[PDB]
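All remarks here apply to the structure that follows.
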Amino acid sequence: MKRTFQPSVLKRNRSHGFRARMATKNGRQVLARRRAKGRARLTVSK
Amino acid sequence: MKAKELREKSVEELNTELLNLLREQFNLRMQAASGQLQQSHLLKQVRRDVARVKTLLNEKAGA
Amino acid sequence: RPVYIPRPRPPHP
Amino acid sequence: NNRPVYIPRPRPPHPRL
Amino acid sequence: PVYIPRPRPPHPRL
Amino acid sequence: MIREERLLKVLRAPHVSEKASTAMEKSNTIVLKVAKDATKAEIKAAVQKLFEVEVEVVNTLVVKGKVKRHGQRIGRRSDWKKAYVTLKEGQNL
RNA sequence: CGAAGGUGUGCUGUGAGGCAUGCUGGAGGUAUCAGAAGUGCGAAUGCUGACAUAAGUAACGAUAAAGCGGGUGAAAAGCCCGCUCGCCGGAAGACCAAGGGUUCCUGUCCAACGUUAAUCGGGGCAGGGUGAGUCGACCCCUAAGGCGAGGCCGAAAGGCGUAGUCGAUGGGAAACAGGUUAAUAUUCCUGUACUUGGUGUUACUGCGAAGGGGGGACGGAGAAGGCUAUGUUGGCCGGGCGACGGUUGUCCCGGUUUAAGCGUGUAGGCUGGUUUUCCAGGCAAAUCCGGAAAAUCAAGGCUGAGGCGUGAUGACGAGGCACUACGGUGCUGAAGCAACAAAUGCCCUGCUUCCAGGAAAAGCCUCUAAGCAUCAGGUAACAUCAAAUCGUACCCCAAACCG
RNA sequence: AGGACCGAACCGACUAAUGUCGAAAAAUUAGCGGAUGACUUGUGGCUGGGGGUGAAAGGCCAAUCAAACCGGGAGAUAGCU
RNA sequence: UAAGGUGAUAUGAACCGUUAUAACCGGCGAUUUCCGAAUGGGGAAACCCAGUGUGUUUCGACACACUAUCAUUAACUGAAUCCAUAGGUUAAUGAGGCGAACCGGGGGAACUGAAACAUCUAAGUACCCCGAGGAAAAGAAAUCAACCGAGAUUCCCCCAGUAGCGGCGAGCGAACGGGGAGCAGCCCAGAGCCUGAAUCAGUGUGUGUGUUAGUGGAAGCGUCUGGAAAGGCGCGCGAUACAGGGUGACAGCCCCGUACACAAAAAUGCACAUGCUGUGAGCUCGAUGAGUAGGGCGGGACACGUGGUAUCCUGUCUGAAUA
């Protein structure tokens with residue numbers, strides 16, 4: 001039974017990585033929101 | 001040990017820094033790692049001395 | 001904590 | 001104590017129509 | 001020489 | 001020029017272990033800790049000057065710090081770099 | 001010389017309540033009269049924590065299977081050692097990539113974890129362990145695609161896109177064998193090699209691009225030939241002749257292995273070479289490519305597995321001998337050939353056929369423009385230097401990845 | 001030569017039994033279909049919610065689909081319990 | 001300031017200091033790795049790879065600095081055509097990103113209410129986007145009023161659930177006027193006479209005040225209970241200090257504080273006086289904002305839903321007078 005999550009570091013970084021968020025303004029707002037909440041992990045860091 | 005070396009010329013300041021880094025900083029570090037150093041307070045004292053000399057060099061050279 | 005170096009080490013087949 | 005994150009989906013064995 | 005804090009009552013047999 | 005002071009900081013400490021001892025007595029090589037960067041050229045120059053010995057080649061590797069479970073908390077040790085330095089027929093330390 | 005709270009007892013009021021006090025408790029409480037309410041819980045398939053019930057019940061996760069002796073220990077069906085038995089053997093073996101992230105090795109401990117015990121463990125604690133010019137990443141080049149200076153468009157945000165710049169799942173220089181650690185090795189050691197650049201010396205010489213040309217450079221299916229990996233048998237070498245009959249014999253057991261590189265050039269495949277002259281073609285030019293003419297020979301050139309020599313009078317090697325912290329260490333070491341069979345692997349990105357007609361760019365070779373031609377630069381030989389940084393443990397059809 | 005035939009790997013899921021507080025939030029055992037193709041598969045891309053994609057079932061779009069998920073309008077409204 | 005200290009979990013080891021450079025606190029300085037607007041190029045963030053210019057141990061190889069984009073300005077170059085322009089290079093200045101609310105502008109719902117629902121309501125609300133400030137916006141009448149008069153804007157209480165609007169349903173809802181907070185008026189569309197002539201902005205000096213370290217700061221004893229009293233008992237004292245906190249039970253008099261009186265080498269905000277720089281006083285004459293006002297068509301905003309609908313804004317087509 002193949003499950004939904006099939007890990008891949010390259011796909012994870014290129015999809016939800018820090019640079020991916022900064023590319024668009026919506027991603028920048030995502031980072032801004034999580035800085036405000038004080039989350040330790042801003043994004044998925046390798 | 002702060003104003004004693006304030007009036008020396010830049011040539012001696014570089015010389016004293018080199019021997020501070022050369023001896024009592026590298027040698028003490030090797031002694032501590034090998035366990036032959038019992039007076040560990042020298043390490044911090046030497047490190048602060050190196051900082052003091054560098055502070056003088058910056059306020060002497062250039063600005 | 002986080003390791004960031006998943007470099008490839010391919011031993012010759 | 002903890003709500004079961006999964007709720008099984010049942011079936012209607014008996015139409016009862 | 002590392003200080004050991006007091007562990008939980010089901011601590012390892014140390 | 002800060003090459004002299006740089007060479008005085010790349011070397012951190014010697015490494016003591018069974019592998020270190022057997023390597024020294026057999027291969028005439030010393031294993032020691034270096035700075036995180038510590039390029040092979042810098043290590044080679046530092047050993048030549050500070051220890052006043054002749055060296056043949058240097059091999060470096062990076063050791064990842066272990067994850068330790070101290071008290072109620074989880075911690076990690078710092079990564080460090082160790083270098084194997086192969087001395088020539090003439091050895092001092 | 002004992003507040004709140006807790007827990008009993010005795011009185012008291014038609015009631016919600018009140019009063020006194022025994023024991024625990026240990027420092028706060030509050031009369032009367034007024035004031036304000038997060039002011040009273042048994043239910044809402046209410047919310048949170050704790051504890052019952054079924055119940056010492058079902059179950060303990062593939063019906064591949066265990067038995068015994070010894071050891072350690074407080075304790076042994078499960079751990080270690082030994083002898084049997086059984087299971088997988090295109091795997092339930094050995095390797096990786098992805099993904100995990102110390103699970104690897106040693107010492108020590110058994111609380112929790114392990115669907116039981118546990119001295120054991122992928123558990124706890126401590127220490128140790130990952131060595132590269134040649135592997136890979138990095139790096140040079142590019143596909144789909146992403147971003148995108150100017151630019152076009154759009155209420156704003158922003159959309160699309162040129163020049164460019166990113167993007168391996170592809171192309172691009174180079175190492176093999178043996179030995180060694182408790183844990184790393186094509187990385188360490190021994191032996192024998194190879195590749196790309198800088199500098200210097202010597203002898204020649206025109207060098208010179210994002211520009212031109214070649215090359216890189218490519219489908220499906222099918223068949224034969226030559227091979228090798230590998231296997232079997234014979235010979236050779238060492239050992240054996242044997243607890244139930246026979247077995248010195250055409251009998252039994254084990255071994256009979258050796259790389260990269262360098263030299264030779266084969267089976268096979270492809271193509272006709274050489275010289276001269278000319279041409280608005282290759283966005284400019286060209287000795288290069290393409291095209292047109294002639295003379296000449298009939299061969300040349302390119303590619304190419306395997307084999308054969310060297311590598312190697314080296315390494316490895318059954319077995320034997322000497323000590324064992326009795327796990328293992330050291331020393332020594334014979335033969336090391338031939339025949340037959342044979343691949344889905346190599347020659348072969350080949351050849352023969354078919355319609356659905358089967359990437360790009362760089363590295364490399366080659367020709368010139370601008371510029372310089374006493375220079376610089378290039379070619380050939382020798383010497384020297386450099387090849388950084390990062391991954392290297394372990395699992396990887398699984399107890400370590402996704403469930 | 002063949003969307004050719006038989007049949008492993010591989011892909012799929014026609015029948016039966018077991019299993020339904022399972023070993024498993026669709027599996028196992030015994031049979032079964034395709035297996036040179038309209039095939040299958042690794043890696044990387046593109047299509048985004050009244051939209052995508054669909055050899056078309058209202059199928060699939062992170063175990064959720066006749067309109068996904070998250071936050072907000074929001075203490076929506078509820079002549080009902 | 002100082003006789004104590006080397007931050008905490010957290011003990012230890014090795015040391016510093018005790019009359020002054022131990023430590024601690026404050027001002028001003030120095031250092032300030034890598035990522036991030038990230039800005040030399042790239043990139044899977046904390047990584048990879050460079051070019052140019054300055055100085056150096058074996059050529060080896062090192063150290064530092066610079067090198068993003070956009071807008072404006074200046075210089076030098078520079079096409080298709082002479083000139084020219086576009087374009088290119090160089091130097092300087094400014095911007096970039098982040099941040100809870102408040103402010104202005106550009107877009108803009110639905111649920112819901114109406115016991116259904118479409119006008120309407122919800123609501124110019126939620127949300128998205130842009131820009132700036134410490135506040136912002138608005139603001140000196142082509143305004144009201146009533147033929148009596150007030151004179152910028154903004155905010156609060158009335159007027160007032162009033163007049164009106166409205167499937168005249170649900171709902172929406174003013175103004176005039178009055179009482180308060182606070183008050184400030186100017187400049188250009190232009191010449192002349194007189195030219196620092198007031199007021200402003202930027203840089204020095206001086207006074208005062210405040211912030212950033214701090215200093216002094218009064219006065220209680222004996223017995224009883226008790227593990228220990230700050231409690232009970234008895235007798236005292238301080239108070240411009242019984243505000244608080246701590247101390248073995250409840251402390252004005254044990255400690256830190258509190259009222260009160262003082263303190264600044266150095267950096268700073270505020271209110272003044274005195275210098276410099278730059279625009280700029282006062283008088284006469286003239287001028288006095290045109291594709292605009294207004295109009296047709298379609299919408300929006302004013303309580304006002306096109307109604308008899310004034311007024312304002314705008315997409316489209318037209319279009320005056322100027323005292």
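Throughout, a chain's letter reflects where its sequence line sits, starting with A, and its residues are numbered from 1. Values below: all heavy atoms of this structure, side chains included; hydrogens, waters and symmetry mates excluded.
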**Study point:** Modelled atom types, side-chain donor and acceptor of F:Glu18 and F:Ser21, under 3.5 Å
**Key:** no
Contact class for [X] vs. all strands (heavy atom < 4.0 Å): base, sugar-phosphate, or nothing?
{"X": "B:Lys44", "answer": "nothing"}
{"X": "B:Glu59", "answer": "nothing"}
{"X": "F:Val63", "answer": "nothing"}
{"X": "F:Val31", "answer": "nothing"}
{"X": "A:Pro7", "answer": "sugar-phosphate"}
{"X": "F:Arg77", "answer": "sugar-phosphate"}
{"X": "A:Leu42", "answer": "base"}
{"X": "C:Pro13", "answer": "sugar-phosphate"}
{"X": "C:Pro11", "answer": "sugar-phosphate"}
{"X": "A:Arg14", "answer": "sugar-phosphate"}
{"X": "F:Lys49", "answer": "nothing"}
{"X": "F:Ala23", "answer": "nothing"}
{"X": "F:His15", "answer": "sugar-phosphate"}

Check your understanding: First and last nucleotide of RNA chain I touching chain E, 5' to 3', heavy-atom cut-off 4.0 Å?
Key -> I:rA10 to I:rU11
Mind telling me if [N] is north or south by its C1'-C2'-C3'-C4' torsion?
{"N": "I:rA287", "result": "north"}
{"N": "I:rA271", "result": "north"}
{"N": "G:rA400", "result": "south"}

Is there stacking between [N] and [M], using centres under 5.5 angstrom and an angle under 30 degrees?
{"N": "I:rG29", "M": "I:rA30", "value": "yes"}
{"N": "I:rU279", "M": "I:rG280", "value": "yes"}
{"N": "I:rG164", "M": "I:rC165", "value": "yes"}
{"N": "G:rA64", "M": "G:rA65", "value": "no"}

Check your understanding: On a whole-Å scale, what distance lies between the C1' atoms belonging to G:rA149 and G:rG161?
Key -> 12 Å
Practice item. Kindly indicate whether the side chain of C:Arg7 and the base of G:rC390 share any N or O donor-acceptor pair separated by less than 3.5 Å? Key: yes
Check your understanding: Could a donor-acceptor pair under 3.5 angstrom be found where the side chain of F:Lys19 meets the base of G:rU184?
Key -> yes
Expressed as a whole number of angstroms, how long is the span from [X]:[atom1] to [N]:[atom2]?
{"X": "A:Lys11", "N": "G:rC402", "atom1": "NZ", "atom2": "P", "answer": "16 Å"}
{"X": "F:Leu61", "N": "G:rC188", "atom1": "CG", "atom2": "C1'", "answer": "12 Å"}
{"X": "F:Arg69", "N": "G:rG122", "atom1": "CZ", "atom2": "P", "answer": "20 Å"}
{"X": "F:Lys40", "N": "G:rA388", "atom1": "NZ", "atom2": "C1'", "answer": "8 Å"}

Check your understanding: Is G:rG67 in the syn or the anti form, by the rule that syn lies within 90° of 0?
Key -> anti
Point to revise | Paired stretches of RNA chain H - 3 or more consecutive Watson-Crick or G-U pairs, each distance under 3.5 Å | key: H:14-18 with H:27-31, H:51-53 with H:59-61
Point to revise | Given G:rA126, G:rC188, H:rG44, the nucleotide with the shortest approach to the side chain of F:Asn59 | key: G:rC188
Practice item. Tell me which nucleotide among H:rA27, G:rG101, H:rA25 gets nearest to the side chain of D:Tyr6. Key: H:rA25
Does the pairing criterion hold for [N] and [M]? That is, Watson-Crick or G-U wobble with both distances under 3.5 Å.
{"N": "I:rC117", "M": "I:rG167", "value": "yes"}
{"N": "I:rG210", "M": "I:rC221", "value": "no"}
{"N": "G:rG40", "M": "G:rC147", "value": "no"}
{"N": "I:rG204", "M": "I:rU306", "value": "no"}

Point to revise | Working for salt bridge (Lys or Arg N to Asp or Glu O under 4.0 Å), residues B:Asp49 and B:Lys44 | key: CA-CA 9 Å; B:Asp49 291 331; B:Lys44 182 174 72 68; over 6 Å; no
